[PDB]
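Below: model_26.pdb (PDB, N, CA and C atoms)
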ATOM      1  N   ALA A   1    -112.470  -1.498  58.243  1.00  0.00           N
ATOM      2  CA  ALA A   1    -111.079  -0.969  58.189  1.00  0.00           C
ATOM      3  C   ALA A   1    -110.670  -0.463  59.574  1.00  0.00           C
ATOM      4  N   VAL A   2    -110.701  -1.316  60.563  1.00  0.00           N
ATOM      5  CA  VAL A   2    -110.318  -0.885  61.934  1.00  0.00           C
ATOM      6  C   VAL A   2    -109.057  -0.021  61.867  1.00  0.00           C
ATOM      7  N   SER A   3    -108.837   0.803  62.854  1.00  0.00           N
ATOM      8  CA  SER A   3    -107.625   1.668  62.848  1.00  0.00           C
ATOM      9  C   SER A   3    -106.605   1.120  63.848  1.00  0.00           C
ATOM     10  N   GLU A   4    -105.531   1.830  64.063  1.00  0.00           N
ATOM     11  CA  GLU A   4    -104.500   1.348  65.025  1.00  0.00           C
ATOM     12  C   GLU A   4    -104.928   1.706  66.449  1.00  0.00           C
ATOM     13  N   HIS A   5    -104.929   2.968  66.775  1.00  0.00           N
ATOM     14  CA  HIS A   5    -105.330   3.383  68.143  1.00  0.00           C
ATOM     15  C   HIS A   5    -106.612   2.670  68.546  1.00  0.00           C
ATOM     16  N   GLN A   6    -107.444   2.317  67.604  1.00  0.00           N
ATOM     17  CA  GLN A   6    -108.685   1.601  67.974  1.00  0.00           C
ATOM     18  C   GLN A   6    -108.293   0.459  68.907  1.00  0.00           C
ATOM     19  N   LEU A   7    -109.231  -0.227  69.485  1.00  0.00           N
ATOM     20  CA  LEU A   7    -108.845  -1.307  70.429  1.00  0.00           C
ATOM     21  C   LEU A   7    -108.252  -0.619  71.649  1.00  0.00           C
ATOM     22  N   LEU A   8    -107.088  -0.032  71.518  1.00  0.00           N
ATOM     23  CA  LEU A   8    -106.535   0.705  72.639  1.00  0.00           C
ATOM     24  C   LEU A   8    -107.504   1.855  72.874  1.00  0.00           C
ATOM     25  N   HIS A   9    -108.084   2.317  71.795  1.00  0.00           N
ATOM     26  CA  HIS A   9    -109.063   3.408  71.851  1.00  0.00           C
ATOM     27  C   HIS A   9    -110.481   2.829  71.812  1.00  0.00           C
ATOM     28  N   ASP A  10    -110.728   1.798  72.582  1.00  0.00           N
ATOM     29  CA  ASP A  10    -112.082   1.155  72.616  1.00  0.00           C
ATOM     30  C   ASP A  10    -113.170   2.151  72.220  1.00  0.00           C
ATOM     31  N   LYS A  11    -113.143   3.332  72.777  1.00  0.00           N
ATOM     32  CA  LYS A  11    -114.174   4.346  72.427  1.00  0.00           C
ATOM     33  C   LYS A  11    -114.381   4.347  70.912  1.00  0.00           C
ATOM     34  N   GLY A  12    -115.335   3.595  70.442  1.00  0.00           N
ATOM     35  CA  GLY A  12    -115.587   3.528  68.979  1.00  0.00           C
ATOM     36  C   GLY A  12    -116.172   2.160  68.642  1.00  0.00           C
ATOM     37  N   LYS A  13    -115.726   1.131  69.316  1.00  0.00           N
ATOM     38  CA  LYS A  13    -116.262  -0.226  69.036  1.00  0.00           C
ATOM     39  C   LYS A  13    -117.760  -0.233  69.215  1.00  0.00           C
ATOM     40  N   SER A  14    -118.343  -1.383  69.365  1.00  0.00           N
ATOM     41  CA  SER A  14    -119.808  -1.427  69.509  1.00  0.00           C
ATOM     42  C   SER A  14    -120.232  -0.836  70.844  1.00  0.00           C
ATOM     43  N   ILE A  15    -119.867   0.386  71.034  1.00  0.00           N
ATOM     44  CA  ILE A  15    -120.235   1.149  72.240  1.00  0.00           C
ATOM     45  C   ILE A  15    -121.125   2.230  71.686  1.00  0.00           C
ATOM     46  N   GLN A  16    -120.650   2.838  70.637  1.00  0.00           N
ATOM     47  CA  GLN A  16    -121.466   3.816  69.914  1.00  0.00           C
ATOM     48  C   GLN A  16    -122.638   3.004  69.385  1.00  0.00           C
ATOM     49  N   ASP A  17    -122.379   1.740  69.127  1.00  0.00           N
ATOM     50  CA  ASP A  17    -123.446   0.840  68.628  1.00  0.00           C
ATOM     51  C   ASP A  17    -124.182   0.238  69.822  1.00  0.00           C
ATOM     52  N   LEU A  18    -123.476  -0.190  70.849  1.00  0.00           N
ATOM     53  CA  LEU A  18    -124.198  -0.729  72.038  1.00  0.00           C
ATOM     54  C   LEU A  18    -125.258   0.304  72.388  1.00  0.00           C
ATOM     55  N   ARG A  19    -124.973   1.529  72.046  1.00  0.00           N
ATOM     56  CA  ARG A  19    -125.914   2.633  72.280  1.00  0.00           C
ATOM     57  C   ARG A  19    -127.128   2.407  71.386  1.00  0.00           C
ATOM     58  N   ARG A  20    -126.896   2.148  70.128  1.00  0.00           N
ATOM     59  CA  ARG A  20    -128.029   1.911  69.203  1.00  0.00           C
ATOM     60  C   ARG A  20    -128.746   0.629  69.613  1.00  0.00           C
ATOM     61  N   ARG A  21    -128.149  -0.134  70.483  1.00  0.00           N
ATOM     62  CA  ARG A  21    -128.840  -1.348  70.979  1.00  0.00           C
ATOM     63  C   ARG A  21    -129.850  -0.838  71.989  1.00  0.00           C
ATOM     64  N   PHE A  22    -129.496   0.233  72.641  1.00  0.00           N
ATOM     65  CA  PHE A  22    -130.409   0.868  73.613  1.00  0.00           C
ATOM     66  C   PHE A  22    -131.207   1.939  72.873  1.00  0.00           C
ATOM     67  N   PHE A  23    -130.662   2.412  71.765  1.00  0.00           N
ATOM     68  CA  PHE A  23    -131.334   3.471  70.929  1.00  0.00           C
ATOM     69  C   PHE A  23    -132.825   3.552  71.255  1.00  0.00           C
ATOM     70  N   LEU A  24    -133.588   2.609  70.773  1.00  0.00           N
ATOM     71  CA  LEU A  24    -135.046   2.613  71.062  1.00  0.00           C
ATOM     72  C   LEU A  24    -135.260   2.200  72.517  1.00  0.00           C
ATOM     73  N   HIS A  25    -134.448   1.306  73.016  1.00  0.00           N
ATOM     74  CA  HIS A  25    -134.607   0.878  74.435  1.00  0.00           C
ATOM     75  C   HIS A  25    -134.528   2.110  75.342  1.00  0.00           C
ATOM     76  N   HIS A  26    -133.760   3.093  74.953  1.00  0.00           N
ATOM     77  CA  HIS A  26    -133.622   4.317  75.774  1.00  0.00           C
ATOM     78  C   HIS A  26    -134.829   5.232  75.568  1.00  0.00           C
ATOM     79  N   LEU A  27    -135.100   5.592  74.345  1.00  0.00           N
ATOM     80  CA  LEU A  27    -136.254   6.493  74.070  1.00  0.00           C
ATOM     81  C   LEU A  27    -137.564   5.726  74.262  1.00  0.00           C
ATOM     82  N   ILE A  28    -137.486   4.443  74.485  1.00  0.00           N
ATOM     83  CA  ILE A  28    -138.730   3.649  74.682  1.00  0.00           C
ATOM     84  C   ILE A  28    -138.456   2.496  75.650  1.00  0.00           C
ATOM     85  N   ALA A  29    -137.995   2.800  76.836  1.00  0.00           N
ATOM     86  CA  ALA A  29    -137.710   1.725  77.827  1.00  0.00           C
ATOM     87  C   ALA A  29    -136.796   2.272  78.926  1.00  0.00           C
ATOM     88  N   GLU A  30    -137.362   2.740  80.007  1.00  0.00           N
ATOM     89  CA  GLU A  30    -136.520   3.284  81.109  1.00  0.00           C
ATOM     90  C   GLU A  30    -137.411   3.931  82.171  1.00  0.00           C
ATOM     91  N   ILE A  31    -137.571   3.290  83.297  1.00  0.00           N
ATOM     92  CA  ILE A  31    -138.423   3.872  84.375  1.00  0.00           C
ATOM     93  C   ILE A  31    -137.606   3.968  85.663  1.00  0.00           C
ATOM     94  N   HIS A  32    -137.256   5.156  86.064  1.00  0.00           N
ATOM     95  CA  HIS A  32    -136.456   5.322  87.304  1.00  0.00           C
ATOM     96  C   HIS A  32    -137.221   4.740  88.495  1.00  0.00           C
ATOM     97  N   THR A  33    -137.037   3.477  88.771  1.00  0.00           N
ATOM     98  CA  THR A  33    -137.749   2.851  89.920  1.00  0.00           C
ATOM     99  C   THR A  33    -139.206   3.321  89.938  1.00  0.00           C
ATOM    100  N   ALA A  34    -139.914   3.129  88.858  1.00  0.00           N
ATOM    101  CA  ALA A  34    -141.337   3.567  88.813  1.00  0.00           C
ATOM    102  C   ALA A  34    -141.415   5.073  89.072  1.00  0.00           C
TER     103      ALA A  34
END
Rewrite the structure of this file - the entire thing - as structure tokens.
Amino acid sequence: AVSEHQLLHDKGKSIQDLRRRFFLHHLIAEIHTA
């Protein structure tokens, strides 16, 4: 049920989810230049 401001309000699309794409990648994948 997308909303109106959405899209214009990108903040909400698969960004909160792109995060869950990193979810484990973040808590289990990230080395500041060794």
Exercise. Suppose you want the space between atom N of residue A:16 and atom CA of residue A:2; what is it in Å?
Worked result: 14.0 Å
Problem set entry | atom C of residue A:13 to atom CA of residue A:33, straight-line distance in Å | 28.9 Å
For this session: List every residue of chain A that DSSP, applied to the backbone, labels as helix (DSSP H, G or I), and write the result as a ChimeraX atom specification.
Result: /A:5-8,16-27
Please put the answer as AutoDock Vina command-line options: centre and edge lengths, in Å with one decimal, of a box along x, y and z that encloses all listed atoms of stretch 10-28 of chain A plus 3 Å on each side.
--center_x -124.7 --center_y 2.5 --center_z 72.2 --size_x 34.0 --size_y 13.9 --size_z 13.1
For this session: Just give me the gap between atom CA of residue A:29 and atom CA of residue A:17 in Å, one decimal is fine.
Result: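 According to the coordinates, atom CA of residue A:29 and atom CA of residue A:17 are separated by 17.0 Å.
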Extract stretch 1-33 of chain A from the preceding block and save N, CA, C and O atoms as a PDB file, in the first residue's frame.
ATOM      1  N   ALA A   1       0.859  -1.217   0.000  1.00  0.00           N
ATOM      2  CA  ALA A   1       0.000   0.000   0.000  1.00  0.00           C
ATOM      3  C   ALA A   1       0.883   1.250   0.000  1.00  0.00           C
ATOM      4  O   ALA A   1       0.806   2.077   0.887  1.00  0.00           O
ATOM      5  N   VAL A   2       1.725   1.394  -0.988  1.00  0.00           N
ATOM      6  CA  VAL A   2       2.612   2.587  -1.043  1.00  0.00           C
ATOM      7  C   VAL A   2       1.810   3.841  -0.691  1.00  0.00           C
ATOM      8  O   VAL A   2       0.604   3.875  -0.822  1.00  0.00           O
ATOM      9  N   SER A   3       2.472   4.874  -0.246  1.00  0.00           N
ATOM     10  CA  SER A   3       1.747   6.126   0.111  1.00  0.00           C
ATOM     11  C   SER A   3       1.985   7.177  -0.974  1.00  0.00           C
ATOM     12  O   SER A   3       2.578   6.904  -1.997  1.00  0.00           O
ATOM     13  N   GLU A   4       1.524   8.379  -0.759  1.00  0.00           N
ATOM     14  CA  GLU A   4       1.724   9.447  -1.779  1.00  0.00           C
ATOM     15  C   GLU A   4       3.124  10.040  -1.626  1.00  0.00           C
ATOM     16  O   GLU A   4       3.980   9.865  -2.472  1.00  0.00           O
ATOM     17  N   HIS A   5       3.365  10.743  -0.555  1.00  0.00           N
ATOM     18  CA  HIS A   5       4.703  11.350  -0.348  1.00  0.00           C
ATOM     19  C   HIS A   5       5.789  10.322  -0.632  1.00  0.00           C
ATOM     20  O   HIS A   5       6.880  10.668  -1.037  1.00  0.00           O
ATOM     21  N   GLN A   6       5.509   9.062  -0.443  1.00  0.00           N
ATOM     22  CA  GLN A   6       6.543   8.045  -0.739  1.00  0.00           C
ATOM     23  C   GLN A   6       7.102   8.350  -2.125  1.00  0.00           C
ATOM     24  O   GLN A   6       6.611   9.223  -2.811  1.00  0.00           O
ATOM     25  N   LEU A   7       8.130   7.680  -2.546  1.00  0.00           N
ATOM     26  CA  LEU A   7       8.700   8.012  -3.877  1.00  0.00           C
ATOM     27  C   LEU A   7       9.337   9.386  -3.740  1.00  0.00           C
ATOM     28  O   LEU A   7      10.545   9.514  -3.699  1.00  0.00           O
ATOM     29  N   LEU A   8       8.545  10.419  -3.589  1.00  0.00           N
ATOM     30  CA  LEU A   8       9.124  11.732  -3.372  1.00  0.00           C
ATOM     31  C   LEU A   8       9.852  11.627  -2.038  1.00  0.00           C
ATOM     32  O   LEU A   8      10.880  12.229  -1.807  1.00  0.00           O
ATOM     33  N   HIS A   9       9.297  10.820  -1.168  1.00  0.00           N
ATOM     34  CA  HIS A   9       9.886  10.589   0.155  1.00  0.00           C
ATOM     35  C   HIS A   9      10.686   9.282   0.140  1.00  0.00           C
ATOM     36  O   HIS A   9      10.571   8.470   1.036  1.00  0.00           O
ATOM     37  N   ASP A  10      11.479   9.077  -0.883  1.00  0.00           N
ATOM     38  CA  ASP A  10      12.303   7.830  -0.995  1.00  0.00           C
ATOM     39  C   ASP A  10      12.587   7.237   0.384  1.00  0.00           C
ATOM     40  O   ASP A  10      12.431   6.054   0.598  1.00  0.00           O
ATOM     41  N   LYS A  11      13.001   8.050   1.320  1.00  0.00           N
ATOM     42  CA  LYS A  11      13.290   7.531   2.683  1.00  0.00           C
ATOM     43  C   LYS A  11      12.174   6.573   3.102  1.00  0.00           C
ATOM     44  O   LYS A  11      11.153   6.979   3.620  1.00  0.00           O
ATOM     45  N   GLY A  12      12.358   5.306   2.864  1.00  0.00           N
ATOM     46  CA  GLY A  12      11.311   4.314   3.225  1.00  0.00           C
ATOM     47  C   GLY A  12      11.404   3.130   2.267  1.00  0.00           C
ATOM     48  O   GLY A  12      11.196   1.994   2.646  1.00  0.00           O
ATOM     49  N   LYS A  13      11.718   3.385   1.022  1.00  0.00           N
ATOM     50  CA  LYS A  13      11.828   2.272   0.045  1.00  0.00           C
ATOM     51  C   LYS A  13      12.840   1.263   0.528  1.00  0.00           C
ATOM     52  O   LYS A  13      13.166   1.212   1.696  1.00  0.00           O
ATOM     53  N   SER A  14      13.324   0.431  -0.343  1.00  0.00           N
ATOM     54  CA  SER A  14      14.290  -0.588   0.103  1.00  0.00           C
ATOM     55  C   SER A  14      15.611   0.059   0.486  1.00  0.00           C
ATOM     56  O   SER A  14      16.666  -0.267  -0.017  1.00  0.00           O
ATOM     57  N   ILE A  15      15.529   0.941   1.423  1.00  0.00           N
ATOM     58  CA  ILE A  15      16.709   1.633   1.971  1.00  0.00           C
ATOM     59  C   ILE A  15      16.749   1.138   3.392  1.00  0.00           C
ATOM     60  O   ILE A  15      17.737   0.624   3.880  1.00  0.00           O
ATOM     61  N   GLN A  16      15.605   1.184   4.014  1.00  0.00           N
ATOM     62  CA  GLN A  16      15.467   0.610   5.354  1.00  0.00           C
ATOM     63  C   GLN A  16      15.730  -0.874   5.153  1.00  0.00           C
ATOM     64  O   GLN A  16      16.226  -1.568   6.016  1.00  0.00           O
ATOM     65  N   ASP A  17      15.396  -1.352   3.973  1.00  0.00           N
ATOM     66  CA  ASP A  17      15.626  -2.779   3.647  1.00  0.00           C
ATOM     67  C   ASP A  17      17.038  -2.938   3.090  1.00  0.00           C
ATOM     68  O   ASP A  17      17.756  -3.840   3.474  1.00  0.00           O
ATOM     69  N   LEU A  18      17.477  -2.053   2.219  1.00  0.00           N
ATOM     70  CA  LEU A  18      18.875  -2.177   1.715  1.00  0.00           C
ATOM     71  C   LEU A  18      19.751  -2.337   2.948  1.00  0.00           C
ATOM     72  O   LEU A  18      20.798  -2.955   2.927  1.00  0.00           O
ATOM     73  N   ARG A  19      19.282  -1.795   4.036  1.00  0.00           N
ATOM     74  CA  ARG A  19      19.993  -1.898   5.318  1.00  0.00           C
ATOM     75  C   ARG A  19      19.970  -3.361   5.746  1.00  0.00           C
ATOM     76  O   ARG A  19      20.980  -3.935   6.095  1.00  0.00           O
ATOM     77  N   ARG A  20      18.816  -3.969   5.714  1.00  0.00           N
ATOM     78  CA  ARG A  20      18.721  -5.394   6.110  1.00  0.00           C
ATOM     79  C   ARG A  20      19.497  -6.241   5.108  1.00  0.00           C
ATOM     80  O   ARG A  20      19.803  -7.393   5.345  1.00  0.00           O
ATOM     81  N   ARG A  21      19.879  -5.660   4.006  1.00  0.00           N
ATOM     82  CA  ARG A  21      20.708  -6.414   3.038  1.00  0.00           C
ATOM     83  C   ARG A  21      22.105  -6.404   3.628  1.00  0.00           C
ATOM     84  O   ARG A  21      22.871  -7.340   3.501  1.00  0.00           O
ATOM     85  N   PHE A  22      22.410  -5.347   4.327  1.00  0.00           N
ATOM     86  CA  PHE A  22      23.716  -5.235   5.005  1.00  0.00           C
ATOM     87  C   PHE A  22      23.551  -5.766   6.427  1.00  0.00           C
ATOM     88  O   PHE A  22      24.499  -6.165   7.059  1.00  0.00           O
ATOM     89  N   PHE A  23      22.323  -5.756   6.915  1.00  0.00           N
ATOM     90  CA  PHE A  23      22.006  -6.250   8.304  1.00  0.00           C
ATOM     91  C   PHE A  23      23.133  -7.138   8.830  1.00  0.00           C
ATOM     92  O   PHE A  23      23.935  -6.731   9.644  1.00  0.00           O
ATOM     93  N   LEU A  24      23.201  -8.352   8.354  1.00  0.00           N
ATOM     94  CA  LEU A  24      24.279  -9.269   8.809  1.00  0.00           C
ATOM     95  C   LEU A  24      25.598  -8.825   8.179  1.00  0.00           C
ATOM     96  O   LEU A  24      26.647  -8.911   8.787  1.00  0.00           O
ATOM     97  N   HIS A  25      25.555  -8.338   6.967  1.00  0.00           N
ATOM     98  CA  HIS A  25      26.814  -7.880   6.313  1.00  0.00           C
ATOM     99  C   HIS A  25      27.482  -6.822   7.197  1.00  0.00           C
ATOM    100  O   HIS A  25      28.691  -6.701   7.235  1.00  0.00           O
ATOM    101  N   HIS A  26      26.699  -6.051   7.905  1.00  0.00           N
ATOM    102  CA  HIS A  26      27.263  -4.999   8.781  1.00  0.00           C
ATOM    103  C   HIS A  26      27.773  -5.611  10.085  1.00  0.00           C
ATOM    104  O   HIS A  26      28.917  -5.445  10.458  1.00  0.00           O
ATOM    105  N   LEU A  27      26.924  -6.311  10.785  1.00  0.00           N
ATOM    106  CA  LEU A  27      27.348  -6.927  12.073  1.00  0.00           C
ATOM    107  C   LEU A  27      28.279  -8.110  11.797  1.00  0.00           C
ATOM    108  O   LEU A  27      28.844  -8.688  12.703  1.00  0.00           O
ATOM    109  N   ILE A  28      28.442  -8.473  10.555  1.00  0.00           N
ATOM    110  CA  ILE A  28      29.340  -9.616  10.230  1.00  0.00           C
ATOM    111  C   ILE A  28      29.995  -9.384   8.867  1.00  0.00           C
ATOM    112  O   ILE A  28      29.880 -10.192   7.966  1.00  0.00           O
ATOM    113  N   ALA A  29      30.690  -8.287   8.710  1.00  0.00           N
ATOM    114  CA  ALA A  29      31.356  -8.001   7.409  1.00  0.00           C
ATOM    115  C   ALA A  29      31.712  -6.514   7.333  1.00  0.00           C
ATOM    116  O   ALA A  29      30.910  -5.695   6.932  1.00  0.00           O
ATOM    117  N   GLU A  30      32.911  -6.159   7.712  1.00  0.00           N
ATOM    118  CA  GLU A  30      33.313  -4.725   7.657  1.00  0.00           C
ATOM    119  C   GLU A  30      34.680  -4.544   8.319  1.00  0.00           C
ATOM    120  O   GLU A  30      34.806  -4.591   9.526  1.00  0.00           O
ATOM    121  N   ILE A  31      35.704  -4.331   7.538  1.00  0.00           N
ATOM    122  CA  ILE A  31      37.064  -4.139   8.122  1.00  0.00           C
ATOM    123  C   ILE A  31      37.640  -2.813   7.627  1.00  0.00           C
ATOM    124  O   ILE A  31      37.987  -2.667   6.473  1.00  0.00           O
ATOM    125  N   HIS A  32      37.739  -1.844   8.491  1.00  0.00           N
ATOM    126  CA  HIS A  32      38.284  -0.526   8.076  1.00  0.00           C
ATOM    127  C   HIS A  32      39.711  -0.699   7.549  1.00  0.00           C
ATOM    128  O   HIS A  32      40.671  -0.604   8.288  1.00  0.00           O
ATOM    129  N   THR A  33      39.856  -0.948   6.275  1.00  0.00           N
ATOM    130  CA  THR A  33      41.219  -1.123   5.698  1.00  0.00           C
ATOM    131  C   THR A  33      42.066  -1.987   6.637  1.00  0.00           C
ATOM    132  O   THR A  33      43.130  -1.593   7.068  1.00  0.00           O
TER     133      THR A  33
END
